[PDB]
Structures are given as structure tokens and as C-alpha cells.
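In the block that follows, a single chain appears as C-alpha cells, in the form deposited in one PDB entry.
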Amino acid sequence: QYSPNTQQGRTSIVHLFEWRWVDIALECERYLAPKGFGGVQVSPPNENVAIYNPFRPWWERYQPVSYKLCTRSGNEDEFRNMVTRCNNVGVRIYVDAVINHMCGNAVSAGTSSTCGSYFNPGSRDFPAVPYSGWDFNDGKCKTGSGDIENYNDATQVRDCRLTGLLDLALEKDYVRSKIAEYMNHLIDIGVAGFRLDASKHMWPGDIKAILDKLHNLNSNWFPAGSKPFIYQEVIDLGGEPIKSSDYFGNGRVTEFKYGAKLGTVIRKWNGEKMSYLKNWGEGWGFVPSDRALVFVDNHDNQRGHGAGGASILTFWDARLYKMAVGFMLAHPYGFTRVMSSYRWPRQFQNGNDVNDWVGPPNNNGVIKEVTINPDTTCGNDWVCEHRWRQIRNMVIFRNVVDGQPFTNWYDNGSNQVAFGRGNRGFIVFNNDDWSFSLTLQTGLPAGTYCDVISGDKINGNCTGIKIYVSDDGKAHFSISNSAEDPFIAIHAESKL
């Protein structure tokens, strides 16, 4: 469960948040595959409640009605077409599996779902699965509200309702089997792994029982004996009885301390400095690298949901965000996930965004197609951070230096740092309020290298900054604090 099952040489996955299947399918062929991306995390592919108040929020997708592959992203035929086309070009698909619960207990009964399936939350009736009252934790939860009231009680966190979401009785073989039937359908279609949504709200033993029922990956694309890649969403910032370590036996875990701390350092809050990043990783109290799924921001915290707070860096903070993402994919710690978002009318009032619910770009509820501009950026309000030169090039940087040790660290005691990855890559950062101009040891072979942040290597030439490395591995770096991107990165493949 710990291996990504990505094609050899590809080291990152991208979250194409709310993208339609047909859009992901062609993105796999026209961009992801040739640019060296390892895989894609897709939004929940199962039928969900259609919420009209507020109008079709992104979060309606986290309220299951059935396990039919029928959503605003497309139907089953379109899903399978996507998985097939992506796998054919070496790009894997990872499903966001919402298995801890069904929809909100307060949702009106009827057929207000993405595929017309009937459901009755009040009576716990979900005939499309089918689930009944005997399949929920109503009689198991011990809180007065029936919802999770205190995270200091590990039992209610698992047996009660997360914000009113009907909690599935995961100890029952029937329920474990229905979830496995769903996941096995996806595995046989060709999916490579899953993001286990709300894993903190499930007992590690129940998750394990479910995973024991899973099929080995489809033998038409994967080697025999391949296991689905499993990463569990467990928000562990340290002050609770539940630890992410409790889930290591099932697969990898999301390390939310990563983006939270990276944001604080980059923003220079509480007197933190980039120079402190010398021992970044386990030294900061993070989970072991081989059990970590890292990222700067996710679909939740980029908009005030989940955990991380105001420190979280997002596309809205473009300049600093690129540096954060840059540092992340240059550093050897964990398996990296890049975020790809859509723009929404963010409206702050008293410090909170009142439009944090806004769903993906749409026309009367129908998700807009992802259009590509001549400069390779996206239209229709899709941000496409994965297409930004600075991010895309760093995704490649990670592929190029994979396996190389962390070496040749430099710091000025403040916010100007640098380090290399073996003899295959080097990166320099300037986050201070003054210019950086110094000759550093890179560990790279002598020659002329193209800075992949300010430009690209094209037709035997660089379109941006050029770095000259001497026989002894030294090279001069000059970064003004006024630069568009205050960081430079060079690697074995950007060499002239």
C-alpha cells in the first residue's frame, strides 16, 4: 500500500480538483504524460447529493448517495475512457474514496442526486447500494447530539457523525463488503490507488479489514502482485489522542504539519526563517518519509476548511506559493502532490471567506470545459497551477534528481538558502529583503545551465537566466529581492 505504482521516473501526482473525466483524459495525453507527471487524484466518482442551497457547492461531492459512477464529472463510460487513456500514456489515476459516511442526516429525502437515485436520510434508507438503518452507527455513538462533539475522545471521533454525516458501521462485514465491491470495481477498471477520505474517523482495524478484501491491480497494465497505493487523510497537528502513526499499517498518511509549517516559515511568521529548514523532515516531528504524502495546500485548507489556518500558502499568494512548491519538490522528504485549482470570488468578512462554498466554474450547474490558451495557461477560470512554468519545471526537477542525497546546504543565518541533490540538481532561494550575490558550491559537473524557474532549455539555448558552473563545481548566483521569482533551479537535464 506504500508504493505509488507510478511509472519509473515519475515522482508526483496532481489533484485535478473538480475536473470532468473527458478533460482529464485529454490532459493526460496532451500534457501530463509528456511533462512527466506521475498521476492524478480525481474528485469522488460516486453519485452524491445535488445541493441547491447553496448552489452546487464543491462539498456536495462528499455526501454519497450510492456507488454508481455518475457525477457532474461524467458517467461510468466516460470514467473508464479516462482511466484507459491515462494508463495508456503512463499516467495513473487515484480515487478520492468517501467511505466513512453517506450524506447529511438533515438532507431531504427524494431524488436530488447526481444520477436520480432515491435516498431517505431520515430513515437511513439508501436502496441504490443498498444500506438500511442497521448499517449505521446511530446506536453506537454515545454523544448527546449524535455528532462528533470533542476530538479529545477518540471513540466518538470514530463512532459519531462528522458534522452530521451519517456514519457507516464499518465493523459489519456487510458494509465492509459493499465498500470493497465499490473499490474493486474501480481497481478492475484500472485505478492505481485511493485517497481514503476522513480516515481519522475510521478505526485503523476496520480500514485494514476493508483493504484485505481488495484486488491486486489490473494485470493488463500493472505487474502481477501489485497492490493499490493507499494514502489516508488524517489531520494530526499534535494536540489530539489520535496519532497518524496509528494508521501506518494500512498505508501512507497525509502530513498536514508539512504545509502548515512551510507556510509559517515562508511567510516569516513568529520569527521563523528559511535557515531553520536545514533539518527539514523527520527532525521537525513529521512522520517517516516513506509513510508521508506531502503538499503545500489541499482542496480543504486553500479555502479555510480542514486544518492549517491562515499560514497556508495558495495560488492567491502566487509569488510565495511558487517558492513553497519549489522547495517541496526539490527536497527529498515524502511523496509529493501538486494542487490544481479553480478561481472563485473570495469574499472576506471579519477575516472569513463567505464564498468558501463556491463550486467549480459552471453554466447553470454544468461544469465548464478546461480550455487551453496559446501560452499554455487555462481559461474558464481554471487556475492550472500544474501548468505554471515554475511549477511544471520543478516537477521535472524532482524526476531528474530522484534518489540523489540532500547535500551542499548553504544559509546566511536569515532567509537566503541553497542546497543540491547529489550531482544532478541545485536550487537557491532568497527570501530576505535584500539582494543575494554569492559564489556557491553546487556539486554539479562544469558547464552552462538554464535556470528552469525563469525559463526553459529550448533549441540548444536558454530563454531565461543562465548559470555557469566551473570545474570545481562553483557557480555565481545573483538574485534580487525584487525578482519575479526569487529562486533559481538548475539540473542535469537543463545543461547546455
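Numbering starts at 1 and runs along the sequence shown. By rigid core we mean the largest C-alpha set that fits within 1.5 Å across both forms.
Omitted from view is the form deposited in another entry, to which the following refers.
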Fit the core first: which of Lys227, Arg303, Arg387, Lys178 then shifts its CA by 2 Å or more between this form and the one not shown?
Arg303
For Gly146, is the C-alpha shift between this form and the one not shown 2 Å or more after core superposition?
no
Taking the rigid core as the frame, does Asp353 move its C-alpha by 2 Å or more between this form and the one not shown?
yes
Comparing between this form and the one not shown on the rigid core: C-alpha of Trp316 shifted by 2 Å or more?
yes
Checking the C-alpha spacing of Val234 and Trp316, a student should find that in the other form it changes by 3 angstroms or more, with the atoms farther
Compare the CA separation of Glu149 and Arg303 in the other form with the one in the displayed structure, and answer closer or farther (the difference is at least 3 Å).
closer
